[PDB]
Each structure stands twice: as C-alpha cells, then as structure tokens.
file final16.cif (mmCIF, C-alpha atoms and all ligand atoms)
data_input
loop_
_atom_site.group_PDB
_atom_site.id
_atom_site.type_symbol
_atom_site.label_atom_id
_atom_site.label_comp_id
_atom_site.auth_asym_id
_atom_site.auth_seq_id
_atom_site.Cartn_x
_atom_site.Cartn_y
_atom_site.Cartn_z
ATOM 1 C CA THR A 842 9.068 -0.928 -27.087
ATOM 2 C CA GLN A 843 9.017 2.890 -26.486
ATOM 3 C CA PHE A 844 6.260 5.436 -25.438
ATOM 4 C CA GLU A 845 6.282 8.801 -27.304
ATOM 5 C CA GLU A 846 5.195 11.811 -25.124
ATOM 6 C CA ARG A 847 3.462 13.434 -28.182
ATOM 7 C CA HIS A 848 1.127 10.326 -28.279
ATOM 8 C CA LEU A 849 0.121 10.451 -24.513
ATOM 9 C CA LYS A 850 -3.282 12.155 -24.490
ATOM 10 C CA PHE A 851 -4.300 13.575 -21.090
ATOM 11 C CA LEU A 852 -7.683 12.382 -19.823
ATOM 12 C CA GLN A 853 -7.929 13.003 -16.050
ATOM 13 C CA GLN A 854 -5.838 13.633 -12.960
ATOM 14 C CA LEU A 855 -5.813 10.487 -10.694
ATOM 15 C CA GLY A 856 -3.910 11.940 -7.726
ATOM 16 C CA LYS A 857 -0.831 13.480 -6.196
ATOM 17 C CA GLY A 858 1.661 12.739 -3.440
ATOM 18 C CA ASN A 859 5.168 11.825 -2.469
ATOM 19 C CA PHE A 860 6.472 14.484 -4.770
ATOM 20 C CA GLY A 861 4.675 13.015 -7.766
ATOM 21 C CA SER A 862 1.464 13.117 -9.725
ATOM 22 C CA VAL A 863 -0.532 10.405 -11.471
ATOM 23 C CA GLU A 864 -2.713 10.968 -14.574
ATOM 24 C CA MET A 865 -4.967 8.738 -16.589
ATOM 25 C CA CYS A 866 -3.828 8.964 -20.290
ATOM 26 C CA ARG A 867 -4.667 7.378 -23.573
ATOM 27 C CA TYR A 868 -1.505 6.056 -25.372
ATOM 28 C CA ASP A 869 -2.750 6.859 -28.869
ATOM 29 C CA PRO A 870 0.029 6.563 -31.641
ATOM 30 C CA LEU A 871 -2.712 5.983 -34.368
ATOM 31 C CA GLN A 872 -4.277 9.413 -33.352
ATOM 32 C CA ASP A 873 -7.851 7.869 -33.793
ATOM 33 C CA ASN A 874 -8.618 7.683 -29.975
ATOM 34 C CA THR A 875 -8.513 3.801 -30.097
ATOM 35 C CA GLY A 876 -5.334 3.655 -27.887
ATOM 36 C CA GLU A 877 -4.941 1.961 -24.509
ATOM 37 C CA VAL A 878 -5.835 3.846 -21.356
ATOM 38 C CA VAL A 879 -2.772 3.837 -19.004
ATOM 39 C CA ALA A 880 -1.737 5.396 -15.629
ATOM 40 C CA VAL A 881 1.201 7.838 -15.973
ATOM 41 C CA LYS A 882 3.377 8.909 -13.032
ATOM 42 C CA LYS A 883 5.707 11.928 -13.273
ATOM 43 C CA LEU A 884 7.613 14.069 -10.722
ATOM 44 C CA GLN A 885 6.051 17.454 -9.873
ATOM 45 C CA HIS A 886 9.242 19.162 -8.498
ATOM 46 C CA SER A 887 12.146 17.141 -9.990
ATOM 47 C CA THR A 888 15.335 17.638 -7.855
ATOM 48 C CA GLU A 889 18.431 15.314 -8.265
ATOM 49 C CA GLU A 890 17.417 13.447 -5.007
ATOM 50 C CA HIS A 891 13.762 13.027 -6.324
ATOM 51 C CA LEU A 892 14.996 11.772 -9.776
ATOM 52 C CA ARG A 893 17.260 9.211 -8.016
ATOM 53 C CA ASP A 894 14.264 7.919 -5.863
ATOM 54 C CA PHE A 895 11.933 7.927 -8.892
ATOM 55 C CA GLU A 896 14.458 5.803 -10.903
ATOM 56 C CA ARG A 897 14.754 3.361 -8.032
ATOM 57 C CA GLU A 898 10.889 3.015 -7.889
ATOM 58 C CA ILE A 899 10.925 2.404 -11.712
ATOM 59 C CA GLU A 900 13.613 -0.375 -11.319
ATOM 60 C CA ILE A 901 11.649 -1.951 -8.389
ATOM 61 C CA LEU A 902 8.309 -2.000 -10.293
ATOM 62 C CA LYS A 903 9.921 -3.377 -13.510
ATOM 63 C CA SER A 904 11.511 -6.246 -11.443
ATOM 64 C CA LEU A 905 8.039 -7.304 -10.069
ATOM 65 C CA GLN A 906 5.795 -9.766 -11.993
ATOM 66 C CA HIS A 907 2.936 -11.135 -9.879
ATOM 67 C CA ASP A 908 -0.893 -11.287 -10.321
ATOM 68 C CA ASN A 909 -1.369 -9.111 -7.213
ATOM 69 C CA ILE A 910 1.214 -6.336 -8.079
ATOM 70 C CA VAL A 911 0.245 -3.413 -10.425
ATOM 71 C CA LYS A 912 1.936 -3.916 -13.861
ATOM 72 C CA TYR A 913 4.811 -1.800 -15.068
ATOM 73 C CA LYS A 914 4.274 -0.997 -18.802
ATOM 74 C CA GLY A 915 7.262 1.219 -19.613
ATOM 75 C CA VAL A 916 9.005 4.553 -19.384
ATOM 76 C CA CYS A 917 8.569 7.667 -21.589
ATOM 77 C CA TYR A 918 11.869 9.604 -22.097
ATOM 78 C CA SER A 919 10.605 12.112 -24.706
ATOM 79 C CA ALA A 920 11.009 15.097 -22.262
ATOM 80 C CA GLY A 921 14.622 13.863 -21.547
ATOM 81 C CA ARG A 922 16.310 11.801 -18.767
ATOM 82 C CA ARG A 923 15.529 14.421 -16.040
ATOM 83 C CA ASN A 924 11.680 14.323 -16.889
ATOM 84 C CA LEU A 925 10.836 10.573 -17.054
ATOM 85 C CA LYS A 926 7.327 9.271 -16.964
ATOM 86 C CA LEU A 927 6.485 5.869 -15.493
ATOM 87 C CA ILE A 928 3.782 4.063 -17.508
ATOM 88 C CA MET A 929 1.578 1.575 -15.648
ATOM 89 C CA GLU A 930 -1.636 -0.293 -16.203
ATOM 90 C CA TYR A 931 -4.796 1.672 -15.371
ATOM 91 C CA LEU A 932 -7.198 -0.179 -12.978
ATOM 92 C CA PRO A 933 -10.659 1.468 -13.542
ATOM 93 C CA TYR A 934 -12.253 0.168 -10.292
ATOM 94 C CA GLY A 935 -9.764 2.422 -8.396
ATOM 95 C CA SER A 936 -8.576 1.876 -4.811
ATOM 96 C CA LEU A 937 -9.856 -0.907 -2.543
ATOM 97 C CA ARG A 938 -10.572 1.866 0.045
ATOM 98 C CA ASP A 939 -13.014 3.713 -2.404
ATOM 99 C CA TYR A 940 -14.439 0.436 -3.781
ATOM 100 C CA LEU A 941 -15.207 -0.987 -0.275
ATOM 101 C CA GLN A 942 -16.587 2.440 0.964
ATOM 102 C CA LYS A 943 -19.054 2.431 -2.013
ATOM 103 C CA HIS A 944 -20.056 -1.315 -2.076
ATOM 104 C CA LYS A 945 -20.042 -1.679 1.850
ATOM 105 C CA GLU A 946 -21.608 -4.965 3.330
ATOM 106 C CA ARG A 947 -22.752 -6.130 -0.225
ATOM 107 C CA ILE A 948 -19.132 -7.563 -0.265
ATOM 108 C CA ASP A 949 -19.394 -10.456 2.242
ATOM 109 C CA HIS A 950 -16.692 -11.826 4.670
ATOM 110 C CA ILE A 951 -15.757 -14.631 2.093
ATOM 111 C CA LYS A 952 -14.988 -11.895 -0.519
ATOM 112 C CA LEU A 953 -12.962 -9.761 2.037
ATOM 113 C CA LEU A 954 -10.865 -12.856 2.731
ATOM 114 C CA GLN A 955 -10.276 -13.501 -1.033
ATOM 115 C CA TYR A 956 -8.824 -9.881 -1.129
ATOM 116 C CA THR A 957 -6.852 -10.514 2.141
ATOM 117 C CA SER A 958 -5.245 -13.688 0.678
ATOM 118 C CA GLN A 959 -4.235 -11.801 -2.591
ATOM 119 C CA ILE A 960 -2.706 -8.914 -0.511
ATOM 120 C CA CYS A 961 -0.655 -11.560 1.525
ATOM 121 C CA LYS A 962 0.503 -13.287 -1.670
ATOM 122 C CA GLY A 963 1.595 -10.016 -3.276
ATOM 123 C CA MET A 964 3.397 -9.025 -0.051
ATOM 124 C CA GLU A 965 5.095 -12.466 0.295
ATOM 125 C CA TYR A 966 6.375 -12.196 -3.334
ATOM 126 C CA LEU A 967 7.596 -8.626 -2.581
ATOM 127 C CA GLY A 968 9.509 -9.989 0.510
ATOM 128 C CA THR A 969 11.324 -12.695 -1.573
ATOM 129 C CA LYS A 970 13.037 -9.725 -3.475
ATOM 130 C CA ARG A 971 13.988 -8.113 -0.071
ATOM 131 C CA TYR A 972 11.653 -5.140 -0.758
ATOM 132 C CA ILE A 973 9.847 -3.278 2.055
ATOM 133 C CA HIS A 974 6.625 -1.596 0.800
ATOM 134 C CA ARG A 975 6.368 0.798 3.850
ATOM 135 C CA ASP A 976 2.851 2.097 2.858
ATOM 136 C CA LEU A 977 0.510 -0.938 3.003
ATOM 137 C CA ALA A 978 -3.066 0.505 3.364
ATOM 138 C CA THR A 979 -6.425 -0.029 1.583
ATOM 139 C CA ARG A 980 -5.847 3.395 -0.139
ATOM 140 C CA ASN A 981 -2.731 1.752 -1.830
ATOM 141 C CA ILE A 982 -4.437 -1.423 -3.045
ATOM 142 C CA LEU A 983 -6.216 -1.320 -6.464
ATOM 143 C CA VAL A 984 -9.192 -3.332 -7.630
ATOM 144 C CA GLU A 985 -8.706 -4.931 -11.078
ATOM 145 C CA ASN A 986 -12.190 -6.566 -10.936
ATOM 146 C CA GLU A 987 -14.614 -8.196 -8.395
ATOM 147 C CA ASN A 988 -12.175 -11.177 -8.017
ATOM 148 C CA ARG A 989 -8.728 -9.416 -8.039
ATOM 149 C CA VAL A 990 -6.847 -6.732 -6.091
ATOM 150 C CA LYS A 991 -3.221 -5.595 -6.567
ATOM 151 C CA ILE A 992 -0.661 -3.719 -4.495
ATOM 152 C CA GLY A 993 0.116 -0.273 -5.972
ATOM 153 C CA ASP A 994 2.369 2.788 -5.318
ATOM 154 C CA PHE A 995 5.981 1.629 -4.875
ATOM 155 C CA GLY A 996 7.120 5.249 -4.252
ATOM 156 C CA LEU A 997 8.044 4.503 -0.597
ATOM 157 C CA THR A 998 9.555 0.971 -1.218
ATOM 158 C CA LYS A 999 13.069 0.274 0.170
ATOM 159 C CA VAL A 1000 15.478 -2.526 -0.725
ATOM 160 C CA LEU A 1001 16.930 -4.190 2.363
ATOM 161 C CA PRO A 1002 20.756 -3.910 2.809
ATOM 162 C CA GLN A 1003 22.568 -7.180 1.887
ATOM 163 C CA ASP A 1004 23.782 -7.675 5.544
ATOM 164 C CA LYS A 1005 20.612 -6.476 7.431
ATOM 165 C CA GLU A 1006 16.935 -7.393 8.007
ATOM 166 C CA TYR A 1007 15.754 -3.742 8.380
ATOM 167 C CA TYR A 1008 16.045 -0.425 6.493
ATOM 168 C CA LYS A 1009 16.556 2.722 8.667
ATOM 169 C CA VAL A 1010 15.100 6.009 7.284
ATOM 170 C CA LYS A 1011 17.407 8.829 8.481
ATOM 171 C CA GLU A 1012 15.160 11.779 7.467
ATOM 172 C CA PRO A 1013 11.443 10.785 7.329
ATOM 173 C CA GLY A 1014 8.934 12.618 5.131
ATOM 174 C CA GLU A 1015 5.112 12.476 5.482
ATOM 175 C CA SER A 1016 4.427 9.276 7.456
ATOM 176 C CA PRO A 1017 1.141 7.171 7.799
ATOM 177 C CA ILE A 1018 1.826 6.850 11.613
ATOM 178 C CA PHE A 1019 -1.551 5.139 12.407
ATOM 179 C CA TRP A 1020 -0.390 2.134 10.138
ATOM 180 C CA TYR A 1021 3.201 2.136 11.634
ATOM 181 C CA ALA A 1022 4.880 -0.579 13.736
ATOM 182 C CA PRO A 1023 6.281 0.693 17.126
ATOM 183 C CA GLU A 1024 9.992 0.312 15.962
ATOM 184 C CA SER A 1025 9.118 2.391 12.839
ATOM 185 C CA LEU A 1026 7.727 5.156 15.140
ATOM 186 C CA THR A 1027 10.604 5.119 17.594
ATOM 187 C CA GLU A 1028 13.677 4.153 15.480
ATOM 188 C CA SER A 1029 12.415 4.686 11.845
ATOM 189 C CA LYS A 1030 13.173 0.895 11.279
ATOM 190 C CA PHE A 1031 11.318 -0.770 8.402
ATOM 191 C CA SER A 1032 11.255 -4.545 7.622
ATOM 192 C CA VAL A 1033 9.046 -7.438 6.464
ATOM 193 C CA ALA A 1034 7.838 -7.541 10.157
ATOM 194 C CA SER A 1035 6.752 -3.763 10.041
ATOM 195 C CA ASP A 1036 4.926 -4.500 6.660
ATOM 196 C CA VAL A 1037 3.172 -7.450 8.555
ATOM 197 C CA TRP A 1038 2.123 -4.935 11.374
ATOM 198 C CA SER A 1039 0.634 -2.540 8.593
ATOM 199 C CA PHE A 1040 -1.091 -5.647 7.062
ATOM 200 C CA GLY A 1041 -2.912 -6.192 10.434
ATOM 201 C CA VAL A 1042 -4.057 -2.523 10.107
ATOM 202 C CA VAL A 1043 -5.255 -3.333 6.432
ATOM 203 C CA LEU A 1044 -7.281 -6.351 7.746
ATOM 204 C CA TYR A 1045 -8.850 -4.020 10.369
ATOM 205 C CA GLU A 1046 -9.794 -1.405 7.645
ATOM 206 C CA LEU A 1047 -11.437 -4.221 5.602
ATOM 207 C CA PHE A 1048 -13.589 -5.556 8.456
ATOM 208 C CA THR A 1049 -14.723 -2.003 9.509
ATOM 209 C CA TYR A 1050 -15.951 -1.620 5.770
ATOM 210 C CA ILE A 1051 -14.113 1.836 5.754
ATOM 211 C CA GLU A 1052 -16.719 3.329 8.341
ATOM 212 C CA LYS A 1053 -15.289 6.942 8.902
ATOM 213 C CA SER A 1054 -15.657 7.023 12.753
ATOM 214 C CA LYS A 1055 -13.945 3.547 12.868
ATOM 215 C CA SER A 1056 -10.767 4.461 10.861
ATOM 216 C CA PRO A 1057 -7.284 3.805 12.467
ATOM 217 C CA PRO A 1058 -6.682 7.691 12.810
ATOM 218 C CA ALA A 1059 -10.157 8.215 14.456
ATOM 219 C CA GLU A 1060 -9.748 5.230 16.864
ATOM 220 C CA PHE A 1061 -6.174 6.063 17.844
ATOM 221 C CA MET A 1062 -7.016 9.803 18.323
ATOM 222 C CA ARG A 1063 -9.956 8.901 20.693
ATOM 223 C CA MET A 1064 -7.513 6.578 22.655
ATOM 224 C CA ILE A 1065 -4.781 9.227 23.032
ATOM 225 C CA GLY A 1066 -7.224 12.192 23.356
ATOM 226 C CA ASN A 1067 -8.368 14.459 20.439
ATOM 227 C CA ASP A 1068 -6.671 17.414 22.325
ATOM 228 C CA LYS A 1069 -3.167 15.980 21.369
ATOM 229 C CA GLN A 1070 -1.399 17.891 18.546
ATOM 230 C CA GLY A 1071 1.655 17.614 16.255
ATOM 231 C CA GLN A 1072 4.652 15.569 17.519
ATOM 232 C CA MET A 1073 2.688 14.984 20.849
ATOM 233 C CA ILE A 1074 0.404 12.598 18.818
ATOM 234 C CA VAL A 1075 3.531 10.415 17.952
ATOM 235 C CA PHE A 1076 4.789 10.620 21.614
ATOM 236 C CA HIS A 1077 1.376 9.402 22.963
ATOM 237 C CA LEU A 1078 0.816 6.789 20.221
ATOM 238 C CA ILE A 1079 4.270 5.182 20.999
ATOM 239 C CA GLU A 1080 3.465 4.985 24.816
ATOM 240 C CA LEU A 1081 -0.082 3.692 24.017
ATOM 241 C CA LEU A 1082 1.364 0.868 21.746
ATOM 242 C CA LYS A 1083 4.007 0.053 24.408
ATOM 243 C CA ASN A 1084 1.194 -0.450 26.999
ATOM 244 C CA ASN A 1085 -0.824 -2.728 24.595
ATOM 245 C CA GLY A 1086 -3.476 -0.202 23.433
ATOM 246 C CA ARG A 1087 -4.727 -1.643 20.094
ATOM 247 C CA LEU A 1088 -7.525 -0.998 17.628
ATOM 248 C CA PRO A 1089 -10.854 -2.657 18.666
ATOM 249 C CA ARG A 1090 -12.404 -5.791 17.158
ATOM 250 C CA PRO A 1091 -14.587 -4.364 14.224
ATOM 251 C CA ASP A 1092 -18.396 -4.887 14.684
ATOM 252 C CA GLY A 1093 -19.408 -8.299 13.322
ATOM 253 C CA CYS A 1094 -15.771 -9.371 12.595
ATOM 254 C CA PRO A 1095 -15.128 -13.158 13.189
ATOM 255 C CA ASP A 1096 -13.072 -13.811 16.410
ATOM 256 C CA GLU A 1097 -10.442 -15.754 14.287
ATOM 257 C CA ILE A 1098 -9.800 -12.771 11.924
ATOM 258 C CA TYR A 1099 -9.417 -10.448 14.969
ATOM 259 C CA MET A 1100 -6.783 -12.903 16.369
ATOM 260 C CA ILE A 1101 -4.787 -12.670 13.087
ATOM 261 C CA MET A 1102 -4.833 -8.798 13.447
ATOM 262 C CA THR A 1103 -3.623 -9.007 17.144
ATOM 263 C CA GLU A 1104 -0.781 -11.436 16.150
ATOM 264 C CA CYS A 1105 0.329 -8.923 13.430
ATOM 265 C CA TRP A 1106 0.254 -6.214 16.142
ATOM 266 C CA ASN A 1107 2.888 -7.885 18.390
ATOM 267 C CA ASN A 1108 5.404 -5.462 19.958
ATOM 268 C CA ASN A 1109 8.068 -8.232 19.517
ATOM 269 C CA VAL A 1110 9.134 -7.991 15.815
ATOM 270 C CA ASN A 1111 10.276 -11.713 15.700
ATOM 271 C CA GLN A 1112 6.888 -13.008 16.999
ATOM 272 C CA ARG A 1113 4.799 -11.405 14.161
ATOM 273 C CA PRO A 1114 3.578 -14.033 11.597
ATOM 274 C CA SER A 1115 5.092 -14.445 8.128
ATOM 275 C CA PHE A 1116 3.149 -13.551 4.910
ATOM 276 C CA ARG A 1117 3.562 -17.192 3.740
ATOM 277 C CA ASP A 1118 1.782 -18.276 7.055
ATOM 278 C CA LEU A 1119 -0.938 -15.586 6.775
ATOM 279 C CA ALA A 1120 -1.913 -16.663 3.195
ATOM 280 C CA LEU A 1121 -2.118 -20.350 4.406
ATOM 281 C CA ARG A 1122 -4.223 -19.306 7.452
ATOM 282 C CA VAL A 1123 -6.567 -16.980 5.512
ATOM 283 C CA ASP A 1124 -7.068 -19.697 2.766
ATOM 284 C CA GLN A 1125 -8.067 -22.170 5.505
ATOM 285 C CA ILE A 1126 -10.634 -19.652 7.052
ATOM 286 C CA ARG A 1127 -12.035 -19.095 3.445
ATOM 287 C CA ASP A 1128 -12.332 -22.882 2.860
ATOM 288 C CA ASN A 1129 -14.109 -23.383 6.272
ATOM 289 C CA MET A 1130 -16.627 -20.541 5.452
HETATM 290 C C1 LIG B 1201 -3.365 8.268 -7.954
HETATM 291 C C2 LIG B 1201 -2.879 7.587 -6.670
HETATM 292 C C3 LIG B 1201 -3.022 8.559 -5.494
HETATM 293 N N1 LIG B 1201 -1.417 7.244 -6.798
HETATM 294 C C4 LIG B 1201 -0.834 6.238 -7.585
HETATM 295 N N2 LIG B 1201 -1.631 5.471 -8.421
HETATM 296 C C5 LIG B 1201 -1.032 4.517 -9.189
HETATM 297 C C6 LIG B 1201 -1.881 3.792 -10.117
HETATM 298 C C7 LIG B 1201 -1.396 2.858 -11.044
HETATM 299 N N3 LIG B 1201 -2.457 2.343 -11.799
HETATM 300 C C8 LIG B 1201 -3.645 2.967 -11.360
HETATM 301 N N4 LIG B 1201 -4.922 2.715 -11.846
HETATM 302 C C9 LIG B 1201 -5.940 3.357 -11.223
HETATM 303 C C10 LIG B 1201 -5.699 4.257 -10.129
HETATM 304 CL CL1 LIG B 1201 -7.050 5.033 -9.451
HETATM 305 C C11 LIG B 1201 -4.429 4.532 -9.649
HETATM 306 C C12 LIG B 1201 -3.318 3.865 -10.287
HETATM 307 N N5 LIG B 1201 0.352 4.244 -9.173
HETATM 308 C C13 LIG B 1201 1.150 5.009 -8.341
HETATM 309 C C14 LIG B 1201 0.604 6.026 -7.528
HETATM 310 F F1 LIG B 1201 1.383 6.780 -6.721
HETATM 311 C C15 LIG B 1201 -3.674 6.293 -6.334
HETATM 312 O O1 LIG B 1201 -4.754 6.011 -6.835
HETATM 313 N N6 LIG B 1201 -3.052 5.431 -5.457
HETATM 314 C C16 LIG B 1201 -3.623 4.166 -5.042
HETATM 315 C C17 LIG B 1201 -2.771 3.025 -5.506
HETATM 316 F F2 LIG B 1201 -2.587 3.031 -6.830
HETATM 317 F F3 LIG B 1201 -1.561 3.052 -4.987
HETATM 318 F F4 LIG B 1201 -3.302 1.861 -5.181
#
call {"tool": "encode", "arguments": {"input": "final16.cif", "output": "structure tokens", "more": "lines below"}}
Ligand SMILES: CC(C)(Nc1nc(-c2c[nH]c3ncc(Cl)cc23)ncc1F)C(=O)NCC(F)(F)F
result
Amino acid sequence: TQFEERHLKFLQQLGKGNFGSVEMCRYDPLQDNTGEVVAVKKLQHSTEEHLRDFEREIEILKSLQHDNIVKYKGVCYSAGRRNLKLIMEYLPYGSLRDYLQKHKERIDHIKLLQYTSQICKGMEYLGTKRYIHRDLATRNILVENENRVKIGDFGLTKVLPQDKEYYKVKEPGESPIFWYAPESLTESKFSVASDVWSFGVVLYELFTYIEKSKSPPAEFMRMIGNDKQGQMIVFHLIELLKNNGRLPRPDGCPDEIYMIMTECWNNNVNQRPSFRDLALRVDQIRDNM
C-alpha cells in the first residue's frame, strides 16, 4: 500500500544528519487527525550520489524483519523519484541515550543487560544478511517500551562484498571516531568485528548511565590530552589504542561485564567475540543475577 504526501501532516522535527532529516508526522488520509504517527526521513540536499545511498538504505531497511530492528513502513513517491520519503515506525520513548540519561540508576543492571542482549540479537541478525551497521551507539538505539529496544538509523550501513569480510570506505564523511575499531581509524575497514568493537563502546555507555564527564569522547580526550586538535586527535587515538589505552571500568560495573567490553576491544580483529556468543554470555549473566 502507498503513502500520499498530501496526507502526511507535519508534527515536529526529530533530527538531522548524514545529509538527511527526520520528522514526526501523522499519516492522516481520513483528514480527521485519527491517523498513525510515523517517522519520516527525507534528503535535505538531494544529489545523484545522495539519492543512490538513500535508495540503498531503503532497500536494506525493507529487507530487515526482527523485533530489535526499527520497522520499515513504506516509501512516499508523491514528490517524484528524486524526492523520496522513507516511512518508519515512530518510537515515542526516543533514543536509549536520552532515555538512560533521564531515568539514570532507576534502571538496574538486570534491565541494562536485557537491553544489551536485544542489541546483540539485532546485530547478529544484521550480520546474517552481511550488513555492517558502522554507527552502533546508544544515540542510535530506540526505546519501544521499558522491555524493548531496537537498532535505528541504517544511513551508514554497508553490504559486504561477496568475496570479502570487510567494506573499505574510500572517502569518509563525519565519523564517530571514539566508537571506531583501530582498523577503521587507520585503513577505513568496516566489518562484523568493527561493529563488535563499537558494541563494547555501547556496553560502556550503558554502565556509565550516560554521565557526561564519563563519555567515550571525554575519556579519550583526557587520555590523549585536551590540547590535541583536528586530525592530531585521530593520530593520537590510533597510537593510544595500539599501546592498549582503553576506556576505564565504569563505577559500580560488574567485573564480568567489564571483561566482555575488553574482549570486544581486542586489537586482533579475529579474536573479538561473535554477536551469537555475546547474546549467549549476556543471557547467562542475566539468569545468574
Ligand atoms: C532523528 C534521529 C537523529 N535520526 C533518525 N531517527 C530515525 C527514527 C525512526 N523512528 C524513530 N522514532 C523516534 C525517534 Cl526519536 C527517531 C526515529 N530513523 C532514522 C534516523 F536517521 C534519531 O532520533 N536517531 C536515533 C535513532 F533513531 F537512530 F535511534
């Protein structure tokens, strides 16, 4: 079934980035304001390269059906082929980052692990399709309700080549470097293993309860020196990672959860755990607790 542009009523801006913008809209064909509230993504500056990447993100999202992956709803073509709109489910609790920042320690360790398990499961399913998320962070995870989180924003997702286990980005855009694996920093190489490294960073964010002074950019900047600027930050971060500088164990975090983070943060790509293993391990910790 099709979505008519004339029936998409603007409600609120949700955000912007990666050459796109996301708005909360009511899909109201009955024109009585009883329509479903949806999330609508469109391109801000729509070049032929941007259209091509947007179409690929649409195909990727439409191919994914999992409880812990944001639902594709459709496409609106009313403005023509060159001005597509991606329609997705709207998750009113917003990002896990905002949700956790608000609700802090009132969300216990058992609950953080329920979210951790769901993130692993969504990521494992993503990996079976040979898709590399490339932007795993609490800011890119949505809360559906108290018991369910879902991976969102597939705007940076790459499909692995048929004959290779990594995707090489020739001309990188804005990069979340404090979530990046060393091979992604040095060679712009992305794989299931680099998504596992970013997952270790997600687990860290969770157990610091999004405390501002404890964030991966704040911790890494203190380790390299706050006087470092521009490309010198990347140069120093690479050398720090090479010499085993890592994020600290968050205050009150169980030893066992810190060990999972440190295994994800292995410089050897082949030694990092698998998402299938992580979900099994995290479910065992949950059960024990
Ligand atoms: C608005 C913003 C910067 N970007 C996007 N949101 C949604 C999106 C899809 N459904 C949503 N429902 C609620 C909210 Cl707050 C956002 C969305 N889908 C794609 C995006 F690029 C965002 O919130 N990102 C967090 C993420 F969704 F990725 F987890």
call {"tool": "residues_near_ligand", "arguments": {"input": "final16.cif", "ligand": "ligand LIG 1201 (chain B)", "cutoff": "8 Å", "atoms": "only C-alpha atoms and all ligand atoms", "output": "compact mmCIF listing (two decimals) with C-alpha atoms, in the frame of the given file"}}
result
# COMPACT_ATOMS: atom_id res chain seq x y z
CA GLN A 854 -5.84 13.63 -12.96
CA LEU A 855 -5.81 10.49 -10.69
CA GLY A 856 -3.91 11.94 -7.73
CA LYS A 857 -0.83 13.48 -6.20
CA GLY A 858 1.66 12.74 -3.44
CA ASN A 859 5.17 11.82 -2.47
CA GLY A 861 4.68 13.02 -7.77
CA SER A 862 1.46 13.12 -9.72
CA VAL A 863 -0.53 10.40 -11.47
CA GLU A 864 -2.71 10.97 -14.57
CA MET A 865 -4.97 8.74 -16.59
CA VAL A 879 -2.77 3.84 -19.00
CA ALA A 880 -1.74 5.40 -15.63
CA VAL A 881 1.20 7.84 -15.97
CA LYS A 882 3.38 8.91 -13.03
CA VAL A 911 0.24 -3.41 -10.42
CA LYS A 912 1.94 -3.92 -13.86
CA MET A 929 1.58 1.58 -15.65
CA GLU A 930 -1.64 -0.29 -16.20
CA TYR A 931 -4.80 1.67 -15.37
CA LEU A 932 -7.20 -0.18 -12.98
CA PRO A 933 -10.66 1.47 -13.54
CA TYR A 934 -12.25 0.17 -10.29
CA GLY A 935 -9.76 2.42 -8.40
CA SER A 936 -8.58 1.88 -4.81
CA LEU A 937 -9.86 -0.91 -2.54
CA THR A 979 -6.42 -0.03 1.58
CA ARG A 980 -5.85 3.40 -0.14
CA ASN A 981 -2.73 1.75 -1.83
CA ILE A 982 -4.44 -1.42 -3.04
CA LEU A 983 -6.22 -1.32 -6.46
CA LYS A 991 -3.22 -5.60 -6.57
CA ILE A 992 -0.66 -3.72 -4.50
CA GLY A 993 0.12 -0.27 -5.97
CA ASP A 994 2.37 2.79 -5.32
CA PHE A 995 5.98 1.63 -4.88
CA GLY A 996 7.12 5.25 -4.25
call {"tool": "closest_residue", "arguments": {"input": "final16.cif", "among": "A:952, A:1011, A:962, A:1113", "to": "residue A:1126", "atoms": "only C-alpha atoms"}}
result
A:952
call {"tool": "residues_around", "arguments": {"input": "final16.cif", "residues": "stretch 846-852 of chain A", "least_positions_apart": "6", "cutoff": "12 Å", "atoms": "all atoms listed in the file", "output": "ChimeraX atom specification"}}
result
/A:863-881,883,916-921,924-928,931
call {"tool": "residues_around", "arguments": {"input": "final16.cif", "residues": "residue A:1116", "least_positions_apart": "5", "cutoff": "8 Å", "atoms": "only C-alpha atoms", "output": "PyMOL selection string"}}
result
chain A and resi 961-962+964-965+1037
call {"tool": "resolve_selection", "arguments": {"input": "final16.cif", "expression": "the PyMOL selection byres (((chain A and resi 1108) around 8) and not hetatm)", "output": "PyMOL selection string"}}
result
chain A and resi 1022-1023+1082-1083+1106-1107+1109-1110
call {"tool": "residues_around", "arguments": {"input": "final16.cif", "residues": "residue A:971", "least_positions_apart": "5", "cutoff": "9 Å", "atoms": "all atoms listed in the file", "output": "ChimeraX atom specification"}}
result
/A:999-1003,1006,1032-1033
call {"tool": "residues_around", "arguments": {"input": "final16.cif", "residues": "residue A:1098", "least_positions_apart": "4", "cutoff": "10 Å", "atoms": "all atoms listed in the file", "output": "list in words"}}
result
residues 954, 1041, 1044, 1045, 1048, 1090, 1091, 1094, 1102, 1103, 1122, 1123 and 1126 of chain A
call {"tool": "atom_distance", "arguments": {"input": "final16.cif", "atom1": "atom CA of residue A:945", "atom2": "atom CA of residue A:1039"}}
result
21.8 Å
call {"tool": "axis_aligned_box", "arguments": {"input": "final16.cif", "around": "stretch 958-970 of chain A", "padding_each_side": "5 Å", "output": "AutoDock Vina command-line options"}}
result
--center_x 3.9 --center_y -11.2 --center_z -1.0 --size_x 28.3 --size_y 15.1 --size_z 15.0
call {"tool": "residues_around", "arguments": {"input": "final16.cif", "residues": "stretch 889-899 of chain A", "least_positions_apart": "2", "cutoff": "8 Å", "atoms": "all atoms listed in the file", "output": "ChimeraX atom specification"}}
result
/A:860,884,886-887,901-903,923,927,995-998
call {"tool": "resolve_selection", "arguments": {"input": "final16.cif", "expression": "the PyMOL selection byres (((chain A and resi 1036) around 8) and not hetatm)", "output": "PyMOL selection string"}}
result
chain A and resi 973-977+1031-1035+1037-1040
call {"tool": "atom_distance", "arguments": {"input": "final16.cif", "atom1": "atom CA of residue A:1049", "atom2": "atom CA of residue A:1093"}}
result
8.7 Å
call {"tool": "atom_distance", "arguments": {"input": "final16.cif", "atom1": "atom CA of residue A:1075", "atom2": "atom CA of residue A:1017"}}
result
10.9 Å
call {"tool": "resolve_selection", "arguments": {"input": "final16.cif", "expression": "the PyMOL selection byres (((chain A and resi 1055) around 10) and not hetatm)", "output": "list in words"}}
result
residues 1045, 1046, 1049, 1050, 1051, 1052, 1053, 1054, 1056, 1057, 1058, 1059, 1060, 1061, 1088, 1089, 1091 and 1092 of chain A
call {"tool": "closest_residue", "arguments": {"input": "final16.cif", "among": "A:888, A:1081, A:1047, A:914", "to": "residue A:951", "atoms": "all atoms listed in the file"}}
result
A:1047
call {"tool": "closest_residue", "arguments": {"input": "final16.cif", "among": "A:1117, A:1030, A:989, A:1087", "to": "residue A:1008", "atoms": "all atoms listed in the file"}}
result
A:1030
